[PDB]
Amino acid sequence: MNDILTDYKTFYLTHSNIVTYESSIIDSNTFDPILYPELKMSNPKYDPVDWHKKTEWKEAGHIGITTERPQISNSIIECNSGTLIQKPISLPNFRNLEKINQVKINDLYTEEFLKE
RNA sequence: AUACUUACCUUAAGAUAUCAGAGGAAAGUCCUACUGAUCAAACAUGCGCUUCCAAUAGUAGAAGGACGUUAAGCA
């Protein structure tokens, strides 16, 4: 796939023009034949088109080892202090304090291979 | 702490209520647990003296602030 994208980039640049290119672009997909081969060079499942129940969040620092992290539900660290002074700050809401010591591991190598 | 060593200094004067009257050491000085009058201070003590001292029968209000927010307010 890396070969097909590199050779098609060299082929497209050498053999086509700006008219055909700007007609090839529609922003509903954000496909463009010069930049999209570069972005998807090594990502096979690349597509361009609540983020704490995702498994990217849950194993962020450590890959393979998934843990629910305690976090403050209403967190004010985006807010600047000049606007925080305007009205009184709510108490924190929380999430997942119970799970700071439980961490789970999907041990496929022990189960599928040693235990067969 | 003692002691020893050095280094730096070792000074503006004067006064303690006023005025008047009697006495003592002709002008003035000094003094009187002397005597009047005024003044000032302290301490007691009074004036039919003058001003001021916050809801609970209610969820307030008065005085003074903010080097507080709205706020890149509006012109």
# chains A, B, ... in the order shown; residues from 1 in each chain; ligands from 1

$ interface_residues --of "chain B" --to "chain A" --cutoff "12 Å" --atoms "only C-alpha atoms (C1' of nucleotides)" --output "number ranges by chain"
B: 68-71

$ write_last_selection --atoms "C-alpha atoms (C1' of nucleotides)" --output "PDB file, in the first residue's frame"
ATOM      1  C1'   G B  68     -14.577  44.223  43.977  1.00  0.00           C
ATOM      2  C1'   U B  69     -17.416  42.153  39.663  1.00  0.00           C
ATOM      3  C1'   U B  70     -20.687  43.106  35.453  1.00  0.00           C
ATOM      4  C1'   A B  71     -16.659  45.319  31.903  1.00  0.00           C
TER       5        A B  71
END

$ residues_around --residues "segment 32-34 of chain A" --least-positions-apart "3" --cutoff "10 Å" --atoms "only C-alpha atoms (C1' of nucleotides)" --output "PDB file with N, CA and C atoms, in the first residue's frame"
ATOM      1  N   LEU A   5       0.726   4.163  -2.997  1.00  0.00           N
ATOM      2  CA  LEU A   5       0.505   5.583  -2.724  1.00  0.00           C
ATOM      3  C   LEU A   5       1.681   6.441  -3.170  1.00  0.00           C
ATOM      4  N   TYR A   8       1.666   6.484  -7.074  1.00  0.00           N
ATOM      5  CA  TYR A   8       0.556   7.225  -7.627  1.00  0.00           C
ATOM      6  C   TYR A   8       0.700   8.699  -7.356  1.00  0.00           C
ATOM      7  N   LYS A   9       1.399   9.077  -6.298  1.00  0.00           N
ATOM      8  CA  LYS A   9       1.687  10.491  -6.134  1.00  0.00           C
ATOM      9  C   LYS A   9       2.628  10.989  -7.213  1.00  0.00           C
ATOM     10  N   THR A  10       3.692  10.249  -7.499  1.00  0.00           N
ATOM     11  CA  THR A  10       4.617  10.681  -8.540  1.00  0.00           C
ATOM     12  C   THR A  10       3.949  10.693  -9.902  1.00  0.00           C
ATOM     13  N   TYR A  12       0.652  11.143 -10.431  1.00  0.00           N
ATOM     14  CA  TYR A  12      -0.354  12.190 -10.472  1.00  0.00           C
ATOM     15  C   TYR A  12       0.269  13.552 -10.636  1.00  0.00           C
ATOM     16  N   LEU A  13       1.388  13.801  -9.964  1.00  0.00           N
ATOM     17  CA  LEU A  13       2.033  15.091 -10.104  1.00  0.00           C
ATOM     18  C   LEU A  13       2.601  15.259 -11.484  1.00  0.00           C
ATOM     19  N   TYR A  21      -7.147  18.598 -10.873  1.00  0.00           N
ATOM     20  CA  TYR A  21      -6.961  18.463  -9.436  1.00  0.00           C
ATOM     21  C   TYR A  21      -8.057  19.156  -8.657  1.00  0.00           C
ATOM     22  N   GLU A  22      -8.322  20.417  -8.966  1.00  0.00           N
ATOM     23  CA  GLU A  22      -9.301  21.162  -8.196  1.00  0.00           C
ATOM     24  C   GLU A  22     -10.705  20.669  -8.483  1.00  0.00           C
ATOM     25  N   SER A  23     -10.917  20.024  -9.628  1.00  0.00           N
ATOM     26  CA  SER A  23     -12.176  19.311  -9.824  1.00  0.00           C
ATOM     27  C   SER A  23     -12.235  18.021  -9.025  1.00  0.00           C
ATOM     28  N   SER A  24     -11.086  17.397  -8.741  1.00  0.00           N
ATOM     29  CA  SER A  24     -11.080  16.137  -7.993  1.00  0.00           C
ATOM     30  C   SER A  24     -11.445  16.327  -6.531  1.00  0.00           C
ATOM     31  N   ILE A  25     -11.371  17.547  -6.028  1.00  0.00           N
ATOM     32  CA  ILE A  25     -11.608  17.820  -4.615  1.00  0.00           C
ATOM     33  C   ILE A  25     -13.079  18.112  -4.377  1.00  0.00           C
ATOM     34  N   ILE A  26     -13.670  17.377  -3.442  1.00  0.00           N
ATOM     35  CA  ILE A  26     -14.945  17.694  -2.812  1.00  0.00           C
ATOM     36  C   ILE A  26     -14.744  17.587  -1.312  1.00  0.00           C
ATOM     37  N   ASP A  27     -15.259  18.553  -0.566  1.00  0.00           N
ATOM     38  CA  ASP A  27     -14.889  18.654   0.835  1.00  0.00           C
ATOM     39  C   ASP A  27     -15.774  17.795   1.713  1.00  0.00           C
ATOM     40  N   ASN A  29     -15.670  14.535   1.589  1.00  0.00           N
ATOM     41  CA  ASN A  29     -14.779  13.448   1.970  1.00  0.00           C
ATOM     42  C   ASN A  29     -13.439  13.946   2.480  1.00  0.00           C
ATOM     43  N   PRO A  37      -2.595  11.009  -0.039  1.00  0.00           N
ATOM     44  CA  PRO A  37      -1.601   9.941   0.033  1.00  0.00           C
ATOM     45  C   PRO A  37      -0.512  10.176   1.033  1.00  0.00           C
ATOM     46  N   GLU A  38      -0.291  11.410   1.435  1.00  0.00           N
ATOM     47  CA  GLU A  38       0.799  11.673   2.348  1.00  0.00           C
ATOM     48  C   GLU A  38       0.354  11.410   3.766  1.00  0.00           C
ATOM     49  N   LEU A  39      -0.890  11.787   4.060  1.00  0.00           N
ATOM     50  CA  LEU A  39      -1.491  11.620   5.411  1.00  0.00           C
ATOM     51  C   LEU A  39      -1.719  10.143   5.751  1.00  0.00           C
TER      52      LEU A  39
END

$ select_by_dssp --residues "segment 20-55 of chain A" --states "helix (DSSP H, G or I)" --output "PyMOL selection string"
chain A and resi 20-24+36-39+55

$ residues_around --residues "segment 41-43 of chain A" --least-positions-apart "6" --cutoff "10 Å" --atoms "only C-alpha atoms (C1' of nucleotides)" --output "list in words"
residues 1, 2, 3, 4, 5 and 6 of chain A

$ atom_distance --atom1 "atom CA of residue 71 of chain A" --atom2 "atom CA of residue 55 of chain A"
15.9 Å

$ residues_around --residues "residue 23 of chain B" --least-positions-apart "5" --cutoff "12 Å" --atoms "only C-alpha atoms (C1' of nucleotides)" --output "list in words"
residues 31, 32, 34 and 35 of chain B

$ write_last_selection --atoms "C-alpha atoms (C1' of nucleotides)" --output "PDB file, in the first residue's frame"
ATOM      1  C1'   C B  31      13.646  85.092  99.554  1.00  0.00           C
ATOM      2  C1'   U B  32       9.086  84.179 102.670  1.00  0.00           C
ATOM      3  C1'   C B  34       3.636  84.679 103.807  1.00  0.00           C
ATOM      4  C1'   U B  35      -1.008  86.893 102.113  1.00  0.00           C
TER       5        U B  35
END

$ residues_around --residues "segment 37-52 of chain B" --least-positions-apart "4" --cutoff "10 Å" --atoms "only C-alpha atoms (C1' of nucleotides)" --output "JSON, numbers by chain"
{"B": [17, 18, 19, 20]}

$ write_last_selection --atoms "N, CA and C atoms (P, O5', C5', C4', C3', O3' and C1' of nucleotides)" --output "PDB file, in the first residue's frame"
ATOM      1  P     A B  17       7.248  78.705  89.111  1.00  0.00           P
ATOM      2  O5'   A B  17       6.086  79.280  88.187  1.00  0.00           O
ATOM      3  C5'   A B  17       6.292  79.419  86.772  1.00  0.00           C
ATOM      4  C4'   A B  17       5.242  80.321  86.172  1.00  0.00           C
ATOM      5  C3'   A B  17       5.114  81.708  86.788  1.00  0.00           C
ATOM      6  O3'   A B  17       6.075  82.640  86.310  1.00  0.00           O
ATOM      7  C1'   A B  17       2.966  80.784  86.477  1.00  0.00           C
ATOM      8  P     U B  18       6.462  83.901  87.213  1.00  0.00           P
ATOM      9  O5'   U B  18       5.353  84.986  86.860  1.00  0.00           O
ATOM     10  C5'   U B  18       5.120  85.391  85.520  1.00  0.00           C
ATOM     11  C4'   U B  18       3.805  86.106  85.398  1.00  0.00           C
ATOM     12  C3'   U B  18       3.638  87.294  86.313  1.00  0.00           C
ATOM     13  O3'   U B  18       4.281  88.449  85.825  1.00  0.00           O
ATOM     14  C1'   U B  18       1.695  85.973  86.395  1.00  0.00           C
ATOM     15  P     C B  19       4.972  89.464  86.845  1.00  0.00           P
ATOM     16  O5'   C B  19       3.771  90.331  87.397  1.00  0.00           O
ATOM     17  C5'   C B  19       3.009  91.127  86.514  1.00  0.00           C
ATOM     18  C4'   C B  19       1.722  91.561  87.148  1.00  0.00           C
ATOM     19  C3'   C B  19       1.853  92.324  88.445  1.00  0.00           C
ATOM     20  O3'   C B  19       2.185  93.683  88.275  1.00  0.00           O
ATOM     21  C1'   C B  19       0.231  90.654  88.703  1.00  0.00           C
ATOM     22  P     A B  20       3.113  94.413  89.358  1.00  0.00           P
ATOM     23  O5'   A B  20       2.242  94.435  90.690  1.00  0.00           O
ATOM     24  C5'   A B  20       1.220  95.405  90.866  1.00  0.00           C
ATOM     25  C4'   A B  20       0.345  95.122  92.067  1.00  0.00           C
ATOM     26  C3'   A B  20       0.952  95.339  93.442  1.00  0.00           C
ATOM     27  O3'   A B  20       1.009  96.701  93.830  1.00  0.00           O
ATOM     28  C1'   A B  20      -0.292  93.333  93.429  1.00  0.00           C
TER      29        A B  20
END

$ atom_distance --atom1 "atom CA of residue 92 of chain A" --atom2 "atom CA of residue 76 of chain A"
9.3 Å

$ atom_distance --atom1 "atom CA of residue 48 of chain A" --atom2 "atom CA of residue 77 of chain A"
29.0 Å
